[PDB]
Structures are given as structure tokens and as C-alpha cells.
2 protein chains.
Amino acid sequence: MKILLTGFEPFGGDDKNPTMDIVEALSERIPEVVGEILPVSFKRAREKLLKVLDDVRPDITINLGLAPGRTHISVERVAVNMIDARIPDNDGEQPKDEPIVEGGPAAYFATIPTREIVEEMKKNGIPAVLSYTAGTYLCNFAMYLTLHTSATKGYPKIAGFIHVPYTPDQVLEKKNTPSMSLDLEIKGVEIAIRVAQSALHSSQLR
Amino acid sequence: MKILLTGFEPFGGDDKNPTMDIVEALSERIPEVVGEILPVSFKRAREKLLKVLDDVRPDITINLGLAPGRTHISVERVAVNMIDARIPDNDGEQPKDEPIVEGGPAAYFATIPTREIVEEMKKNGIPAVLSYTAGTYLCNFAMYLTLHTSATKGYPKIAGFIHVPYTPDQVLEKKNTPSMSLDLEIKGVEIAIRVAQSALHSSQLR
């Protein structure tokens with residue numbers, strides 16, 4: 001089984017994006033994991049994401065993103081067919097009210113076992129919650145494209161998106177801004193991978 | 001031209017729901033507006049909502065709801081086919097991971113001119129913003145059923161959901177809880193009605 005784990009480069013004024021640290025950490029420890037960091041660019045991310053999906057043909061894909069300001073790890077359930085950039089991307093583009101895929105469904109539900117993943121994280125002492133909006137920026141963009149490729153091409157078999165809070169080192173000068181240790185974030189994503197992996201495996205042994 | 005405006009009864013501990021005041025105020029002021037207050041009950045709200053839609057055959061339906069804690073009026077763009085009650089309804093029912101309509105689309109986009117409505121509210125000094133999650137409780141439930149009825153039965157022609165903050169009288173004992181005057185909320189919803197009305201009329205010209 002091959003597992004694609006994607007992350008994103010820094011953006012919006014912050015010099016770091018912890019998803020890069022997570023992807024690097026887990027790809028190094030879990031051999032079945034293939035890591036790819038996407039640029040915060042609608043144009044370039046679309047090309048890069050679709051290319052890796054095609055080249056790797058992963059069985060499972062879990063997209064990662066940083067959610068500045070969130071307090072818990074968020075396991076996304078809904079990807080919407082909409083681009084509405086409240087801020088420009090790293091290339092300066094700021095598209096609004098444009099579909100991600102012309103004629104595609106208004107939304108796609110995540111296919112990895114989202115609730116099971118959230119409960120497993122909590123059992124391990126990790127603050128986690130289900131989320132019904134992944135935003136309408138690059139994160140939602142990657143989530144939708146991944147689920148759309150699954151629905152139309154058959155790969156990955158299942159997929160989802162996980163948002164993580166700022167790590168402590170990112171909020172030293174940010175008042176009233178929540179954070180979560182990198183170690184907990186890595187553990188949470190590791191749990192997400194394993195739970196999705198187990199779920200898919202058992203559905204293939206029937 | 002028939003416009004259906006729906007609201008909700010009090011719930012979750014609060015003894016008042018400002019949408020009732022809004023619906024009453026606008027129905028008395030605008031002849032083409034028919035008002036209906038839905039119970040905060042998945043079972044009874046489905047019954048009541050579908051019945052009123054059938055009896056009224058509105059051309060436009062704008063569902064209203066109270067969003068405790070929000071700072072601005074929220075013009076919803078996405079209704080999801082999911083019931084995930086984080087708290088029970090007034091009937092003690094707390095369904096989770098159940099579709100609203102079996103086989104229905106994962107989501108329905110609001111069809112009233114959402115961005116135009118938000119911008120017109122702002123032009124009139126009313127804090128308003130687009131929202132991509134109406135929650136997964138009774139509000140999203142009504143939003144989805146309304147848009148689903150539009151898509152499958154033809155009425156209403158266009159629809160959407162608008163969430164309003166608590167009114168000041170509701171947060172006197174609530175710490176760090178935002179509110180908005182009833183007068184502004186009524187004005188905002190009136191604007192939504194007029195803008196939607198104008199858009200529908202213009203789309204039927206030439």
C-alpha cells in the first residue's frame with residue numbers, strides 16, 4: 001500500500017509551515033509514505049498535485065495544511081468546488097468565485113474514516129475535532145482536487161485533509177494565538193495514516 | 001412574487017431567537033413576504049418546512065438562523081448533506097453521521113446572489129460576510145432541504161440561508177460574547193430580500 005502525504009510551503013506572512021516538518025518526519029519513519037510539499041499557488045499547486053497523484057498512484061492520500069488560529073487538529077469532512085481567496089497566494093494571485101473543476105460536484109466528502117481518526121487522536125490525548133469547512137484557499141483546493149481525482153480516476157482509493165494549529169515557535173510574538181506542539185501534531189497525523197490504512201486493508205480482505 | 005422567510009424557535013438554553021423578531025417585522029412590512037417559524041427539531045422541522053414550501057410555492061426562500069457567537073451577519077454559501085448534532089434538538093434527538101437526503105448531493109450551493117447581498121449590506125454599514133459552513137445542526141438542515149426542494153421540485157426558484165448574531169439583550173450575562181442590534185439584523189435581511197428579488201427579476205428579462 002502506498003500513502004501520499006502532502007504539505008504546504010510557508011505563506012501569509014509566516015516564515016514556517018509545520019506541515020513541512022510533519023511530512024519530513026513521517027516520510028522518514030514510515031517507508032510506505034511518499035511526501036510532497038505543495039507551493040501556495042493555485043496554478044502551481046494544481047499542476048504539482050495532479051502530477052504526483054498520477055506518478056505515485058497512491059492507495060491513500062492525506063493532504064495537510066496549517067490553520068492559523070485553530071486550537072485543535074481539524075479532520076476535514078467537506079471539500080467545496082470553490083476558490084475564494086481572502087488573501088493572495090504566494091504568486092500574488094487572488095481568484096474569487098471560480099470553480100476548482102468546471103461541472104464538478106458542489107462538494108466531496110472525505111473518504112478516510114474521519115470520525116474514527118478524530119476519536120483515535122483523542123484516545124491518545126491529542127485535541128482533535130471534525131471540521132466542515134477547510135476554507136476556500138489552497139488547502140480546500142488540494143482537498144477537492146484529491147477527492148475529485150479519486151472519484152473520476154480511481155486513485156487514491158480514499159482521501160482526506162487534516163489541518164494543524166501553529167506550533168509554539170510560530171506564536172512567540174502573536175497575542176492570544178493558540179498553538180500545539182509539533183510532536184503532538186506528528187503523532188496525530190501518524191494516527192490518521194494508520195487508522196486510514198487499517199480501514200482500507202480490512203475492506204480489501206473481505 | 002412570493003418570498004418565504006423562515007426562522008427558528010429558541011434553543012440550547014437561550015430563551016429567545018431573534019429570527020422570530022426579524023420574520024415578524026419584515027412580514028408585516030413587506031406584503032410579498034410570508035413568514036414561518038420552524039421548531040428546533042429535525043423531525044418536526046423537516047415536516048413543517050416541506051409543508052410550508054408546498055403550500056406557499058415561494059419564488060424565493062431565505063432561511064434565517066441564530067449563530068451564537070458570530071460577530072457579523074453570515075450569508076451562507078454551502079449546505080451539506082449531513083446531520084451531525086453537537087447538541088440535541090428540542091426533542092432530545094441528537095443524530096450523527098446521517099444524510100439529510102439519501103442519495104442527495106454532498107452539497108448544494110446557495111442560489112440567491114450571496115456576494116452581492118454581502119456587499120450591499122456592507123455598503124449600508126452592516127457587518128456582513130460570506131460563510132462556507134452553516135454548521136450541521138438545524139440551520140444547515142433547513143438550508144439543505146430548501147435548496148434540495150428547489151432543485152427537485154422547482155420551488156423556490158432561488159434560496160439561501162442567513163445567520164445572525166445574538167442581539168444585545170441576549171448576552172447581558174455572557175462574557176466576551178458578540179452581539180448586533182435587532183434593527184441592523186432586520187435591515188440586513190431586508191437588503192438580502194430586495195437584492196435577491198432584483199437578481200431574480202433581472203435574470204428573467206430580455
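Header entry for method reads X-ray crystallography, 1.6 Å.
Note that Cβ sites are derived from N, Cα and C of the backbone, with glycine treated the same way.
According to Swiss-Prot, the active site annotation covers B:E76, B:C139, B:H163, on the basis of similarity to another entry.
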Between the Cα atoms of B:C139 (active site) and B:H163 (active site), find the distance and write it as a whole number of Å. 8
Tertiary neighbours of B:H163 (active site) (same chain, Cβ under 8 Å, six or more apart): B:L64, B:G65, B:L66, B:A67, B:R70, B:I73, B:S74, B:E76, B:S131, B:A134, B:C139
Just counting, how many other CB atoms are there within 10 A of the CB of B:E76 (active site)? 25
